[PDB]
Structures are given as structure tokens and as C-alpha cells.
């Protein structure tokens, strides 16, 4: 457009920084980048309609809806259907927003309103499963296709409805389901794959792409390259599986002969989301790291054998220098922090925060390492920094207790939950912070603390035989699943 039109845009944008959404710059950048110009003007236009009854959406909910292709249509449609969906279909507001927060949002909402009753009633699905189906790019297409094919996939193919729901609940779910219908016999008969294995391949974005690529490339990979089919499955059962498989074919020689790696290793690098990026990056850096960084092949393999493997490997080559030299951690400690999904992130946050955390909070490099060295390390590091102060002082914990709660997967979630529940658990139900610490000092610390507090709030008679000191042991032994499974058995 023209300069005048720009200025209006920048001005409707500015009006959004105030009432009633009070959007910040990050949020406006999200809407512009993901929902486009129209999405931004739409939000501005309907802002009072959306933040008031009967919608009562949050500024964050409005953003999640707007930030997609067609956002404006999702927003328009959301104001039309949310009340009917919540009131007449039992859906919650969060659920309607989850359905709305994907490209084609408007088509998915209208289709749920139309098909939810038939899906739940004539195929025994729950509202929770209809929502998981609808809540992808293309949701309308997945929903209509489950309606057409769920009977034949079950009768003529022996899949369970759960399996048909898992196949449908991805972007491209319509494609995945028609493909499974097509190739499930062939892949089992001609290739010796179990139905369960076809389902695993099909249950990711581009599931159709992966099934077709398995049907093609499986022979060459097995017969020529010698791979087991089970290893071909494992490669394919990931986002962008077809790219993984194409890439293994190409690089399986150049990596097993030139760089000496074993087929067993190349498979482990491919069997993750973005496995193609992983392989090509190992190809390109194995010499560079095993000569100018003193890193063994095995270490390189372990670094690359996780989703985002390419990101971690490049982040290692770039920071193994400084982190050792300027901070002091051994190639062992750097290889550990990188050896997780999101490894690149944990590495950059340890670049940043090793000094601040030690200087302002008194932590060791060894502690810092222990916190960065889990999936989502970045998120635990940034939360220790943030909350360790209040946790130690408002809540009477030690710095080391705080490190222990941070030192598992979901450390960020475990920390925030303690700062939320620790009060009621000691005050209301008189629980020693030593107990609460130990329930949270495990993976799944968040849900286990939520589960235990549900019980001490509204006791189910199903758990009567278990004293509170027992519930704590269970929560510590196996967390939520341990509480939920004890409930199941009466």
C-alpha cells in the first residue's frame, strides 16, 4: 500500500498496547508474523467484543487465535460459536480456543459444531477426542474423514478407535487416514509390519508421507543396506519421517565407510524429529569436532541423537571453546548439556547464566550443569534465577533444595508449582516441606503435587486405606500415574 495506509496500521497496532488487551511488542509481532495484517486489524476491531461476555477471552487467548492464517475468520467465528460449543456440547472455553488456534480455525469450529454429536454418539468417541482431532491445521478435513472411515478401519482392518483417533490428531490427519486405509494390508503382507507399527508411523504430521516412503524405501534399506525393518520403522515414526528415510539412504555409506560409524549409530541419529538435519550436520562436522575440539565420534553421535540434533551440534562447535576456556566445564559437562532435546538452548542459557547464577545465587558450575542437563534445561535455569530468591526466603527453602527441584525434566514446572502449593500443603494439610520437596524432586513433580493436593482437598473414599504418609510415598515412588492407577484398582 502507501505511506498513509502504513501509518493507520501502525496506529491500530498502537491502540492494542492499551485497553482492554494491553498487548506488548512480542504479542503484536506474533499476530503480524503469523496472522498477517488483516489479523491485526481484526483484533483491534473486535477487541471489546472478545474481552467481554459472553466470550470473556483473555488477551493471551485472543492472541493465540489471531496468530494463524485466516486468524480473522477464526476470531469472527469464535464469537459466533463459543457459547453454543460450551453450553450445548459441554466443551470448556480453553477447548474452543485450542480448536480455534490453528490455520483454518473457522472451518474446524464450524465442523465440530456440526459433527461432534455424531462422532460421540455413533462412534463412541468422547468430546476430548473430537477436540484432539479438530485441533490441527486442517481439522475439518480430519473430522470429516474420521466420520467416513472409522467404521471400515475398525471392521475391515481391525484398528481400535483410539488408534484411529491418534492417526487423525495431526496436521494432515485426513491424508494419514486414507493412506493407512490404503497401505496397511500391503505394509503387513509385503513387508512384515505389524498393524501397531503402521499406526506408529502414521501418527505424526506428514504421516502419509512417511508411510509412502516406508513402502518405497524399505526394501533398499533392508535388502541392500541391511537395516532391520524395525529400524526402518523407528526412523519413520517421527515428524518429517520421509526426509529422515531419504537421507539415511543417501548418507548411510558416506557415514559408515568414510567416517567409520556403524549402521546402528546412523539409525539413532535419524530416529528423531528433523533426523535429516541431524545426519547432514554430523556428515559436515564429525571431522571438525574430532580434531579441533577433541571430541570422540560416540560423543558426537550422542549429541545428535535427539530432536533438534543439528542445533545442538552447531551450538557445541561454536561454544565448546568459550565454555571450557572462559567458564571451566569439561568436554564431559558440555556434551551432557547438549545431549538433550533443546540442547542448543540449554547451552546458550549456560553461556549466559553460569556466572550470574554463581555470582548472585552462589551455585556451582556442577549444580548449573545438573540443571541444564535435562530436557528443557533453559526453562529450569531461567526459573532458578527467577524464583530461587523468593523460594529461599518467602518459603524457607535452601538453595540446594531449589537445585534438586530444578534438576529434573519439567524443573521449571516443578519450581513454579512449589511456589504455588507449598503454602497450602504445610498450612492446610500440615505437610513438612521436606515431603513436598521430595514429591517435586522427581520428573512429573508438577502433576504429582497437583494430584496429591486434589486428594487432601476432596478425598476420594477410594484411597482411604492409604494414610497421607502413604500418599506421599506413592507420589514419590511414581507420582501422578501411581496415584491414578491406585484409584483405578478400587
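Numbering follows the first chain given and starts at 1.
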- Select between 90-98 and 254-262 the stretch whose C-alpha atoms have the higher average B-factor in the entry. 254-262
- Mean C-alpha B factor from the entry: is it higher for 282-290 or for 406-414? 282-290
- In this PDB entry, which of 449, 28, 456, 42 has the top CA B-factor? 456
- Task: Pick out which of 434, 443, 38, 61 has the highest C-alpha B-factor in the PDB entry.
- Result: 434
- Task: Ordered by C-alpha B-factor within the chain, which third holds residue 426? Give me lowest, middle or highest, please.
- Result: highest
- Within-chain third of residue 394 by Cα B-factor, per the entry: highest
- Message: Test of reading the entry: by CA B factor among the chain's modelled residues, which third contains residue 314?
- Response: highest
- Query: Against its chain's modelled residues, does residue 20's Cα B factor rank lowest, middle or highest third?
  - Reply: highest
- Item | Ranked against its chain, the third holding the CA B-factor of residue 245 | middle
